[PDB]
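In the form deposited in one PDB entry, a lone chain appears below as structure tokens.
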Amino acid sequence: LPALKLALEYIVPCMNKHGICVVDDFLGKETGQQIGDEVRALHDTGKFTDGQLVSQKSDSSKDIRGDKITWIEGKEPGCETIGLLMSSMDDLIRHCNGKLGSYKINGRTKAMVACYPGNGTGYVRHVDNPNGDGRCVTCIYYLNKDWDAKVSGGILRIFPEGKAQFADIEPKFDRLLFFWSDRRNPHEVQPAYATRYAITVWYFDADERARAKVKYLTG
């Protein structure tokens, strides 16, 4: 899809008005399937490890999030289509430069490839960036062909602040989602009863990320 039009005429107004934006059929079936195969190859070869939290304390991470993950830069062998996904995400964000709130987006995390391996795993209600670590936009791509949420669950429920309805996002094949990462969008992954895959990148606001890095580097 042409990035300029999609960014400026849809993603920008949707993000500013609602803080959440869904783009269905982002890359098309062939590319989505190739991504699914690359992800399943990562799973099958033991690459995933338990998802972790910003601040680890007495409780097991698995009491909080039951997913297993790996980080992808985009250039690894066997991850070329994930890299194309990431570049397509980046292209949309670059065409949004300066139009997403007051943020100035100069960078992002690596891609987090995540799997909830059925069995009722999920993620308790939480905020992606509650204390100002730099993350301003969460971008997620779903690649679950044949997902039937009424049976397998796995719905991402977002509680956008100040709204009269919450937002239920099925983890549908080839769906791209953006939302503000801060406290405006508490959210949860409801229990999944089938293997559920998603790829996430978080985009950074330059000034907030600089302050967060200064805090980390000074203790």
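Residues that one form lacks are left out of the comparison. Don't overthink the numbering: it's just position in the shown sequence, from 1. So that the term is clear: the rigid core is the largest set of C-alpha atoms that superpose within 1.5 Å between two forms.
Would you mind comparing 136-144 and 97-105 for me and telling me which has the higher average C-alpha temperature factor in the entry?
Comparing 136-144 with 97-105, the higher mean C-alpha B-factor belongs to 97-105.
Per the record, averaged over C-alpha atoms, which has the higher B-factor: 162-170 or 176-184?
162-170 has the higher mean C-alpha B-factor.
By the record's CA B-factor, is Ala149 among the lowest, middle or highest third of residues in the chain?
For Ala149, whose C-alpha B-factor we compare with every modelled residue in the chain, the answer is the highest third.
Considering every modelled residue of the chain and its Cα B-factor in the PDB entry, is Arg209 in the lowest, middle or highest third?
It belongs to the lowest third of the chain when residues are ordered by C-alpha B-factor.
If you rank the chain by CA B-factor, which third does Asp90 end up in: lowest, middle or highest?
Tercile = lowest for this residue's CA B-factor.
Which third of the chain does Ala7 land in by C-alpha B-factor: lowest, middle or highest?
Lowest third.
Grab the CA temperature factor for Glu80 from the record and place it in the lowest, middle or highest third of its chain.
It falls in the top third of the chain.
Quick note: we don't show the form deposited in another entry, though the next part is all about it.
Which one moved? Candidates are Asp168, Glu30, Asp63, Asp44, criterion is a Cα shift of 2 Å or more between this form and the one not shown after superposing on the core.
Only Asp63 moves by 2 Å or more at its C-alpha.
Between the shown chain and the other structure, the Cα gap of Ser60 to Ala111 differs by 3 Å or more. Is it closer or farther in that other deposited form?
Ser60 and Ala111 sit farther apart in that other deposited form.
Out of closer and farther, which fits the Cα atoms of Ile64 and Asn119 in that other deposited form compared with this form, where the change is 3 Å or more?
Distance between the C-alphas of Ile64 and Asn119: shorter in that other deposited form, by 3 Å or more.
For residues common to both forms, which consecutive runs of 3 or more show C-alpha displacement of 2 Å or more between this form and the one not shown upon rigid core superposition, listed in sequence order?
After core superposition, the displaced runs are 50-66, 213-216.
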